[PDB]
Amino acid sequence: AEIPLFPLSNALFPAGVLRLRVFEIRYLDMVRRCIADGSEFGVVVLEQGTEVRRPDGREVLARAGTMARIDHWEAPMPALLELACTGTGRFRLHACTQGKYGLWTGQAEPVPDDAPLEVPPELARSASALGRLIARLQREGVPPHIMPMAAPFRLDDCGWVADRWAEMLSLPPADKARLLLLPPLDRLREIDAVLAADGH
């Protein structure tokens, strides 16, 4: 499924929050199309290279990604677009090409959402930790335009909880892409093995 690609320094996960700020011509033209078009673009983390790369070149795109849906947009100044996208359906991009203005694109086969699971008591620490984080945000009165996570607080869900943590944890891009694809349970387990002292 040939779709436009917006590689980024961080990976996007389903239901994930993402406030973009486009200034490059390739993304300015691409984002505007999607605005009038209605379609959404694909977001995959950069396993290598930067996200601007005007003089650069060697940039490696992750093999997995999540589709990005545009919620609302604004134009604070000319040649600048401030977006507030939401992560949608995930995909497993394969052979992609780099078109005009350096706009990445690739045929990507979607990957159906995983069935919602309950968080076992063997992984309560993470879900309880996360829940603690969200509590403070709310307790402090953090406005919507700053909240790093959407309203639907699926705290009692393996996948969801792991997606939230993988989003904010400084993990290698190559790992983030794998986590996105791995099954919900396995995903929570692994991040769990990162937050807790596995090997002291």
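A residue's number is simply how far along the shown sequence it sits, counting from 1.
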Checklist entry - Can you tell me which stretch has the higher mean Cα B-factor, 76 to 84 or 116 to 124? => result 116 to 124
Checklist entry - So which stretch wins on mean C-alpha B-factor, 51 to 59 or 157 to 165? => result 51 to 59
Checklist entry - From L46, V43, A150, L28, can you pick the one with the highest C-alpha B factor in the entry? => result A150
Checklist entry - In terms of the chain's CA B-factor thirds, is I191 lowest, middle or highest? => result middle
Checklist entry - Within this chain, which third does the Cα B-factor at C34 fall in: lowest, middle or highest? => result middle
Checklist outcome for this item: Binned into thirds over the chain's modelled residues, the C-alpha B-factor of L18 lands in the lowest
Checklist entry - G141: which third of its chain by C-alpha temperature factor? => result middle
Next on the checklist: Ranking every modelled residue in this chain by its Cα temperature factor as given in the entry, which third contains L180?
Outcome noted: middle
